[PDB]
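Scroll down for the structure; my scribbles are underneath it.
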2 protein chains.
Amino acid sequence: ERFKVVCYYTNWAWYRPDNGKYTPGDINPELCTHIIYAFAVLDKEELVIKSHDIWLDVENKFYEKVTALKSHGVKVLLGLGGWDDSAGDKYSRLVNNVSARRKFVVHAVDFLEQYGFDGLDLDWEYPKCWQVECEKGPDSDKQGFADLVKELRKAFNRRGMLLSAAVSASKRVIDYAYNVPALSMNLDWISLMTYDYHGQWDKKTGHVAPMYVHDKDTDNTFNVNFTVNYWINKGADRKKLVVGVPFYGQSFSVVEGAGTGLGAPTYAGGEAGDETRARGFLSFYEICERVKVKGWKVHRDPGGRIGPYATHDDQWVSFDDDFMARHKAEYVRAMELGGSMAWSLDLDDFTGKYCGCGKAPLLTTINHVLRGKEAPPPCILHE
Amino acid sequence: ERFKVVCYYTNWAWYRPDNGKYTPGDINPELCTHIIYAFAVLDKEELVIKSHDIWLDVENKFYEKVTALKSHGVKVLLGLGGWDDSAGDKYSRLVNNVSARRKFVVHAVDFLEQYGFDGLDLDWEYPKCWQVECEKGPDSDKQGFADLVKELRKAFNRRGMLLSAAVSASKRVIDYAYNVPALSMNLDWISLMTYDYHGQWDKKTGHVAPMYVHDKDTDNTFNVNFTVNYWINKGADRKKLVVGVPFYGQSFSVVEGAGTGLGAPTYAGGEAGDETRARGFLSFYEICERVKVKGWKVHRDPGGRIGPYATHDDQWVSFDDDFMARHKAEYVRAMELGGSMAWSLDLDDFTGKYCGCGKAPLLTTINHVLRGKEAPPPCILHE
Ligand SMILES: *[C@@H]1O[C@H](CO)[C@@H](O[C@@H]2O[C@H](CO)[C@@H](O[C@H]3O[C@H](CO)[C@@H](O)[C@H](O[C@H]4O[C@H](CO)[C@@H](O)[C@H](O)[C@@H]4O[C@H]4O[C@H](CO)[C@@H](O)[C@H](O)[C@@H]4O[C@H]4O[C@H](CO)[C@@H](O)[C@H](O)[C@@H]4O)[C@@H]3O)[C@H](O)[C@H]2NC(C)=O)[C@H](O)[C@H]1NC(C)=O
Ligand SMILES: *[C@@H]1O[C@H](CO)[C@@H](O[C@@H]2O[C@H](CO)[C@@H](O[C@H]3O[C@H](CO)[C@@H](O)[C@H](O[C@H]4O[C@H](CO)[C@@H](O)[C@H](O)[C@@H]4O[C@H]4O[C@H](CO)[C@@H](O)[C@H](O)[C@@H]4O[C@H]4O[C@H](CO)[C@@H](O)[C@H](O)[C@@H]4O)[C@@H]3O)[C@H](O)[C@H]2NC(C)=O)[C@H](O)[C@H]1NC(C)=O
């Protein structure tokens, strides 16, 4: 239990064409120390946890089917929030009202125990910077969020439950949102969302999760290494920091004649994948199909500062492969951090059918480094 | 029937939470003469129609569930394109290549018959002006699109299938994009997208779909009455023209101290609604909740040139209500046009729960005028 492997399971992965469909039965519990059930949501009116999908989570028992995996020795927490649920002021209204926080904490304990959860993972995106609009929220969101965490910490300790949070990798947002010393002390781990540094919103190609500074960078804080050191320098316990790894790529459509390099101007997200059906986004296995079957070209950084990207016509997608997933896990071990986090189980090649690298190659690579699981070498996409 | 009521059904309304969820079972076929399934997409590599959501459209048979409604005496067409599929050059590569057009047409007939579709609705936004960027596309997009339409017409007539298109209401785009006489002759109807004349991109408040010239207008072509007469003057058969009506509002966040009037400076789109969850956009039923429950104030034009708008704090949304929907249908009858188009079914108060005016009040009002369906009177939002 020296290093954690925190696995995000997403309930909406069931609503996917059969080859992409991911159910509780697809979880390999040997590959996780902790599983986060993403996502529950905050009721706008009552400001308490509620299921976002009663039909799957409750009627079809997906909550209980995932928490049942604790018989395998994994801890199973409920994730609250996410990007989509963080629109608007409801989380700000919760944390800035003392009586609302108290109602939330009491209800949360009962909700979690009702379904067998070992605790709660907070994924408010973000305190003050609601959906990264920092002018939107009050400055008091930072202190209100810290107070919610402290009060959840005290109530959870009476129950032996775990409390974690997924947090921003943006220096700007971190400065606005987080009392870093208080969060480090009161959380069992801090999952750094060290991805989505770049995407089609930049209007030019960029890597979803740069590891180190690149010479083409315009901001030297948009990389995992800065993010981790910034949290440490802000007062975070290194063992509390869990470094997220994206199991998906950010895709782009490149302006005609702009080339295939980093920073090339773009006009849209990439064409949607068959399984994930979201322009701007491709699962790792959809990227494998493009490289293996559709002839997309893989571009690598000889300096090892960013992971690969793949191209075809004006399409362009950046992503982490086996080698960068391995490096980031080895970075976690070298830096003596708390572990690695996976976003998300269902976007890995969990069936093994797309990449030819065995089942769940990205997650297996992380477990190899952090937990000593014997494993095959990293697979070369291009091969 | 003398007048058509062309209903857009948007499949990814299925993913909306709570009462915003809209399924094929929510379609009332008696309120439509033609149903368009929005949307399929153009495969970038093969340049043929493909499903945009295999899981809903094919695995769960939503295509066939909607085309099965033709037993009610309605025609069901597949819509291709839409705004999001119209970025980049893929439609331009199709229409400017003779062999690609032939492959597309042959495949399209088989694709439509496979799922029981009665025909195809083309929603390329837009020939030449790709996503209204007129510098991007070649002048030859106009002629290529007309040739595609002509060739689809020939093949569809062998099968008794219908062919339609949704087209721009912008004079500039119309001049660049459409061989109006050829389209009028070869299409079973032309759906004028007579909405989105104004929105947050203007950086000031304006009505989503002005009917007539208003004194605050800076451009006297940005209204439905001009668009319709412009298509007629360009050579369109009046019978072929179908006037679109928006079932949603364009929302704005207004500069502090700028007031609530038309043309007031804005700094962002409006806050997203609970169910449609898109900044700058609110469904009619979301607008009803705001007026009925949240105390938003309704502002009307005594001159009848634009529909209402609603305000609360710095929020501002313009929309068509029952009275303007009725007027636009009565305009269709007075002008002896082809009918009205509804964009889209799922944004109406289709459950009847938000406005208290019965199920699908906007669509019922249009059917009342154009098809003589008995109906309740228009509901006054303010009551
Ligand atoms: C992630 O983010 C971090 C925070 O932003 C980055 O942290 C920075 O990392 C560098 C380390 O590379 C560190 O820089 C200094 O570290 C100590 C200061 O305490 C210095 O000794 C270092 O000086 C060495 O390197 C200099 C090169 O710039 C050189 O000028 C200097 O003379 C000395 O050279 C030795 O080391 C080199 C590298 O091994 C050799 O090439 C060179 O020949 C010298 O080697 C000899 O001496 C060594 C002992 O000094 C010995 O080991 C060797 O065998 C041989 O005998 C250096 O300037 C920053 O301070 C640090 N910043 C913070 C805030 O921590 C981090 O880089 C980033 N990671 C990545 C991958 O980007
Ligand atoms: C949608 O977009 C279109 C753009 O193409 C706009 O089209 C324009 O529509 C106007 C009408 O709104 C049309 O105007 C002329 O139509 C004919 C000319 O052929 C005339 O009959 C009209 O003249 C009458 O109105 C004049 C305007 O005030 C007036 O000066 C004139 O003396 C005459 O007045 C009579 O009619 C008025 C309206 O009923 C009365 O107020 C007035 O007292 C007079 O009524 C008497 O006479 C009537 C018989 O003429 C009789 O019925 C009545 O009982 C009484 O005894 C008019 O000028 C434009 O030609 C046309 N433009 C184009 C380019 O096509 C359209 O307006 C727009 N819609 C909206 C809502 O904006």
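We name chains A, B, ... by the order of the sequence lines, and we start the count at 1 in each one. Note that these values count all heavy atoms, side chains included, but never hydrogens, waters or copies made by symmetry. First listed ligand is number 1; within each ligand, the first listed atom is number 1.
In this structure, a donor-acceptor pair under 3.5 Å is present between the side chains of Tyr248(A) and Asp196(A). A side-chain N or O of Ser164(A) and one of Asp121(A) form a donor-acceptor pair less than 3.5 Å apart.
Distance check for atom 19 (O) of ligand 2: every protein heavy atom is found at 4.0 Å or beyond. Protein heavy atoms are found less than 4.0 angstrom from atom 2 (O) of ligand 1. For atom 29 (C) of ligand 1, the nearest protein heavy atom is 4.0 Å or more away. Checking atom 69 (N) of ligand 1 against the protein gives a heavy-atom contact under 4.0 Å. Contact annotation for atom 42 (C) of ligand 2: protein absent (non-hydrogen atoms, distance under 4.0 Å). Put simply, atom 62 (N) of ligand 1 has no protein non-hydrogen atoms near it, under 4.0 Å away. Within the 4.0 Å cut-off (strictly below), no protein heavy atom is located near atom 55 (C) of ligand 2. Shown here, atom 24 (C) of ligand 1 is out of close reach of the protein: none of its heavy atoms lies under 4.0 Å off. Atom 51 (C) of ligand 2 lies below 4.0 Å from none of the non-hydrogen atoms of the protein. Closer than 4.0 Å to atom 13 (C) of ligand 2 lies none of the heavy atoms of the protein.
Qualifying salt bridge (charged side-chain N to carboxylate O under 4.0 Å, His left out) partners for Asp202(B), counting only residues two or more places apart in sequence or in other chains: none. Not counting sequence neighbours, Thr194(A) has no partner by the side chain to side chain donor-acceptor pair (under 3.5 Å) test.
Atom 72 (O) of ligand 1 has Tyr212(A) CD2, 3.8 Å as its closest protein atom, hydrogens excluded (heavy atom only).
When the SG-SG distance for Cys129(A) and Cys134(A) is compared with the 2.5 Å cut-off, it comes out below that value.
One finds no salt bridge joining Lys171(B) and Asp219(B) here, because no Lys/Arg side-chain nitrogen approaches an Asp/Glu carboxylate oxygen to under 4.0 Å. Under a 4.0 Å N-O distance rule, the pair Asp188(A)/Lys240(A) does not qualify as a salt bridge.
At least one N or O atom of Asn225(B) sits closer than 3.5 Å to an N or O atom of ligand 2.
Checked against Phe226(B) for a side-chain contact (heavy atoms from CB on, under 4.5 Å), the options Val228(B), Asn223(B), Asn229(B), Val224(B) give a single hit: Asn223(B).
In terms of modelled atom types and a separation under 3.5 Å, the side chain of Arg305(B) and the main chain of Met211(B) share no donor-acceptor contact.
Under a 4.0 Å heavy-atom criterion, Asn229(B) is in contact with ligand 2.
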